[PDB]
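Single chain ahead, written as structure tokens, the form deposited in one PDB entry.
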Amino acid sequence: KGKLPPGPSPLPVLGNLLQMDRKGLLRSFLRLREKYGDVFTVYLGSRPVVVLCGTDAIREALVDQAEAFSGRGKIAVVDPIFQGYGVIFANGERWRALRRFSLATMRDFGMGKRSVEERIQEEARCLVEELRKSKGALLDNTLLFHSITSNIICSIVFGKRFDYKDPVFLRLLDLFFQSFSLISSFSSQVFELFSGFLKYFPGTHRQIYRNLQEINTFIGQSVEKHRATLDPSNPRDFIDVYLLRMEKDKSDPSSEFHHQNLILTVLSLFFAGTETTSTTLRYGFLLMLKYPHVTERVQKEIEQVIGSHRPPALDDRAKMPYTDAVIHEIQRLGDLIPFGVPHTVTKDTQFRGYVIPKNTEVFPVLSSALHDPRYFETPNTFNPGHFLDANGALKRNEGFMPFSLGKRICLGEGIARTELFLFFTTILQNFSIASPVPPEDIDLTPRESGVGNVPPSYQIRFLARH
């Protein structure tokens, strides 16, 4: 008997509830770290979970024993929708199949087809056009940022984008993004522990269910359109490539590529692909308002590398160390997925002298890496310095794992990072920014903190440069 990692003694049913913290799952995990260290077991309701804190511990599991920890566990409030299908929430061979398909696909588009950077560039331009019309007025960029991000996923997945005032677009927008806030509510974190009981009563889970059903409905009726226009020689977008692939194995009643796996993979792409990018952007700008000198510097460097004429492109990034550092530091401080996304182990496992039984849920707490004082002088202060060596060159940092690590690492890292780079720079190229609020009175504490973090809403003006 090697046994489970150390941790508090559970009650039946309640589990470790009486050891948790009212402030949420994260604060709980961090309190428990102080007592039990970087690898402990906490019983969430009746199911035990292994929490990993610190960079070292996270890395040993995810990179070193990469495969043992290649498993994905459920999120209670969304499991009824996903049910183990789609790229995010699938395991074993299904997941292996989907993720291989999902990379390849967005990974090229082809010799005539337009590319993801091209798409993002276009979105950026459309955005700057949109931001001009407001002629320097106070706004709340929340809806715009949700818009540009969803449009990138649409562009990829439906082969079209949507005007920022498109009303039925906006209805679905609103609906879909309300889900994110419900999902990271306190209620949803209680649901995580006790769904087995709360499933019988009204609560956020039902709302989240309806909203995701509505989008699923819309996804499905766009899958139909695509199907009756399918041109097997010029696959326009994601859905097409899938549908063609669905064809191949229509002869195999054991193939993973069917209707259900399609709808939910597309959901998955919006689900994982949209809010975090958007809130990163939103938070970037909040930060640049608190730290004008950074913004100035970012602008100075855009001036030198890109100029005022042409539009930022992706390989401008390798020539813009300070800017890449600011982005990295935005994501780091941002800390938008504090306790990561549930893994499970795929086999009994030895870890630091413990044995973890098959399918036990593992929670890699990325927040504890992003704030690791070994890798970040100043872990709780904004500081592009964390990513710049003495020669103003861009230095990798072991503590920096926002997209997580290993076999499950964010499938959209590439896209995501391009979005951040191109939107940040393209906006900053054409606009100064300002706020009623004085810099040093800009509170940066997140309004809500759950499986995602939300920065405070704030008002900003985008001023002209043209």
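Don't overthink the numbering: it's just position in the shown sequence, from 1. So that the term is clear: the rigid core is the largest set of C-alpha atoms that superpose within 1.5 Å between two forms.
The following text describes the form deposited in another entry, which does not appear among the structures shown.
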Superposing on the rigid core, which residue among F145, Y283, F387, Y85 shifts its Cα by at least 2 Å between this form and the one not shown? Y85
Would you say whether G450 is displaced between this form and the one not shown, judging by a C-alpha shift of 2 Å or more on the superposed rigid core? yes
C-alpha of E192 off by 2 Å or more between this form and the one not shown on rigid core: yes
C-alpha of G340 moved at least 2 Å between this form and the one not shown on rigid core: no
Output row for the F194-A61 CA distance, |change| of 3 angstroms or more in the other entry, reads farther
